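The same protein chain appears twice below, in two forms, each given on its own as structure tokens and labelled structure 1 and structure 2.
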Structure 1
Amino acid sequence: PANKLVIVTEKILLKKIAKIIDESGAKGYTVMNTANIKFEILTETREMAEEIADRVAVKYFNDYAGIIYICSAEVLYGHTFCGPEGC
């Protein structure tokens, strides 16, 4: 998958955020204690990661502390060769 979302926030939100991640269609996530927890979620699309982030921040970030980071893969260099069997 070409996109990664990271959410660092208060431990109290663990179950509520895990449920958002499940409902989003994401294939999995990592969560670790880091008073605070850090989620990492890989997504096939940019939009899926943005939508998780919107749902979490709109629901919780007026009342709870947290930070959400996103990245999308950008190809910098490429050199490819293939033939009939290998393409």
Structure 2
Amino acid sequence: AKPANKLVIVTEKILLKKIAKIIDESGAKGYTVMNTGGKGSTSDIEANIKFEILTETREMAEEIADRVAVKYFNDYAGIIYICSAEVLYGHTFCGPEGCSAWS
């Protein structure tokens, strides 16, 4: 198992490509994105998107978060949070030695 930070970004759908570009410029090895509905305090739910990015370091997750927020969160609704995770399998994330290599 390889330690990882799971960075979650929930924001307005129109920022999809802009945020993907930031994630791709970060060094991150991938991301997953999904459609969601969002309410923040006539249905009032709006369409949003949620990105999930697993990063090897906490610093990379914060860089992505910081860059997204500083660029867009003055003007667009969003939330960014982080969860601890462990990657058990992931050719790209762990490399070809796998996620439980020794040393």
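Residues that one form lacks are left out of the comparison. Numbers follow structure 1, counted from its first residue as 1. Note that the rigid core is defined as the largest set of C-alphas that superpose within 1.5 Å between two forms.
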Per-residue C-alpha change between structures 1 and 2, residue 65, threshold 2 Å, rigid core fit:
no
Cα of residue 78: shift between structures 1 and 2 in Å, core-fitted?
22.2
In sequence order, what stretches of at least three consecutive residues shift by 2 Å or more at the Cα level between structures 1 and 2, with the rigid core held as reference?
71-87
